[PDB]
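Peer 1: Position in the sequence shown counted from 1, then plus 535, gives you the UniProt record's numbering.
The beta carbon of each residue, even a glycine, is placed where N, CA and C say it ideally should be.
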Amino acid sequence: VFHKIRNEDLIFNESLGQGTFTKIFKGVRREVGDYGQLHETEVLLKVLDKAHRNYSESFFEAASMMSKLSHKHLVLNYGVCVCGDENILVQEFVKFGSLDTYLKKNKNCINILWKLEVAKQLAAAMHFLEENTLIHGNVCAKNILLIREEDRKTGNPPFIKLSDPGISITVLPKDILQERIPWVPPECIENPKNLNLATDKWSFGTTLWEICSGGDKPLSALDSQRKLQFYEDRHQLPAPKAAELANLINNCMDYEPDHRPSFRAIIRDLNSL
Ligand SMILES: CCN(CC)C(=O)c1ccc(Nc2nc(OCC3CCCCC3)c3[nH]cnc3n2)cc1
């Protein structure tokens with residue numbers, strides 16, 4: 536179950552953007568913490584749109600997935616506020632935001648070793664989920680958060696976490712699914728109920744492509760009809776700018792889901808460079 540947070544202990548501050556049928560805000564939670572100390576803690580507030588309240592079950596199931604498992608590379612959920620009409624998910628607030636924006640802002644500053652450390656961390660998180668037979672269903676650079684920047688001076692690497700998947704692709708309208716090509720794998724375009732552990736290996740490949748492309752979005756120039764035809768013609772993504780991980784990307788985005796490598800194998804490949 537989810538810890539219930541009182542509407543009166545939450546303050547909503549600035550809008551940070553939107554997700555799928557959600558609005559996202561920075562906020563503050565008043566709480567009693569360890570030793571009975573009172574705290575005013577920064578939080579990330581995710582609000583399901585009133586118009587799409589019929590998705591509330593999938594909205595919360597997405598975060599519940601993340602919450603029943605504990606791992607260093609998985610975002611922390613603090614609880615939920617159903618107080619009122621609103622359906623509110625309360626999560627930890629990460630200092631440096633999402634990776635897709637960070638890659639773009641810091642293009643001329645991110646080198647191959649940084650990308651490899653990030654890829655290894657994401658692969659570790661996905662290996663944990665695979666070993667627990669937990670499907671994420673929406674692996675992408677927008678859903679990777681940057682906790683700590685790299686510090687060459689101290690030799691410290693960056694540190695990321697994987698966020699929750701949001702409303703599942705098994706209940707979303709087809710036009711949203713099509714726009715999410717090529718993160719959504721071909722078999723889930725055929726039938727979103729084909730969502731499986733193999734789904735996440737495909738999307739991991741798409742996310743590595745993002746990491747290697749300075750925050751470009753693959754196939755963004757293609758409209759939804761042309762994205763569908765891309766899958767129907769069995770195309771692959773072009774090798775990124777920095778081509779060091781192109782082979783791994785292509786091996787991961789295999790049109791045969793049963794041939795996509797395990798995350799253990801993926802980690803072995805990453806460690807070999
Ligand atoms: C000055 C420019 N920056 C970057 C430095 C910021 O303003 C910024 C934005 C967000 C955070 N933190 C954040 N972001 C999340 O999601 C990512 C956001 C979701 C919806 C909109 C896009 C971003 C989160 N999810 C779950 N805990 C989160 N914490 C930190 C800083």
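Just to confirm my understanding: we take residue 834, look at its own chain, exclude 5 residues before and 5 after, and list those with CB closer than 8 Å. What are they?
Peer 2: The displayed coordinates of the chain run from 536 to 808. Any statement about residue 834 would go beyond what the structure contains.
Peer 1: Counting only the same chain and skipping the five closest in sequence on each side, list residues whose C-beta sits under 6 Å from that of residue 675.
Peer 2: Taking the sequence shown and counting its residues from 1, the one referred to as residue 675 is at position 140. Only 718 and 742 meet the Cβ criterion.
Peer 1: So if DSSP puts residue 686 in a beta bridge, which residue, or which two residues, is it bridged to?
Peer 2: Your numbering for residue 686 matches position 151 in the sequence shown. 691.
Peer 1: Any heavy atom of ligand 1 closer than 7 Å to the CB of residue 685?
Peer 2: Your numbering for residue 685 matches position 150 in the sequence shown. Residue 685 Cβ: outside cutoff for every heavy atom of ligand 1.
Peer 1: Could you tell me the boundaries of the beta strand (DSSP E) in which residue 723 lies?
Peer 2: One-based indexing of the sequence shown puts residue 723 at position 188. Careful: residue 723 lies outside any beta strand (DSSP E), inside the alpha helix (DSSP H) at 721-725.
Peer 1: Which term fits residue 644, buried or exposed, when burial requires 16 or more other beta carbons within 10 angstroms of its beta carbon?
Peer 2: Here residue 644 corresponds to residue number 109 of the sequence shown, with the count starting at 1. Exposed, by the Cβ-count rule.
Peer 1: Considering only the alpha carbon of each residue, which of 713, 728, 789 and 798 lies closest to residue 758?
Peer 2: Taking the first residue of the sequence shown as position 1, residue 758 is located at position 223. Closest by alpha carbon: 713.
Peer 1: Going straight from the alpha carbon of residue 599 to that of residue 582, what length do you get?
Peer 2: Numbered from 1 along the sequence shown, position 64 holds the residue referred to as residue 599. Numbered from 1 along the sequence shown, position 47 holds the residue referred to as residue 582. Approximately 15 Å, taken between the alpha carbons.
Peer 1: Could you give the DSSP three-state label for residue 541: helix, strand or coil?
Peer 2: Taking the sequence shown and counting its residues from 1, the one referred to as residue 541 is at position 6. Three-state DSSP puts residue 541 in coil, outside helix and strand.
Peer 1: Quick one: does the C-beta of residue 638 sit closer than 7 Å to a heavy atom of ligand 1?
Peer 2: As a first step, residue 638 is located in the sequence shown; it is residue number 103 there, counting from the start. It does not: the Cβ of residue 638 is nowhere closer than 7 Å to a heavy atom of ligand 1.
Peer 1: For residue 512 versus residue 695, is the C-beta spacing smaller than 8 Å?
Peer 2: Look at the range of the chain in this structure, 536 to 808, and you will see that residue 512 is not part of it.
Peer 1: Less than 8 Å separating the beta-carbons of residue 651 and residue 679?
Peer 2: For the purposes of this step, residue 651 is taken as the residue at position 116 of the sequence shown. For the purposes of this step, residue 679 is taken as the residue at position 144 of the sequence shown. Taking 8 Å as the Cβ cut-off, residue 651 and residue 679 do not qualify as a contacting pair.
Peer 1: On a CA-only basis, which of 794, 659, 746 and 561 is nearest residue 641? Give me that one, please.
Peer 2: Numbered from 1 along the sequence shown, position 106 holds the residue referred to as residue 641. The residue with the shortest Cα to Cα distance from residue 641 is 746.
Peer 1: So, are the CB atoms of residue 802 and residue 655 less than 8 Å apart?
Peer 2: Along the sequence shown, read from residue 1 onward, the residue named residue 802 stands at position 267. Along the sequence shown, read from residue 1 onward, the residue named residue 655 stands at position 120. Yes, they are a contact pair.
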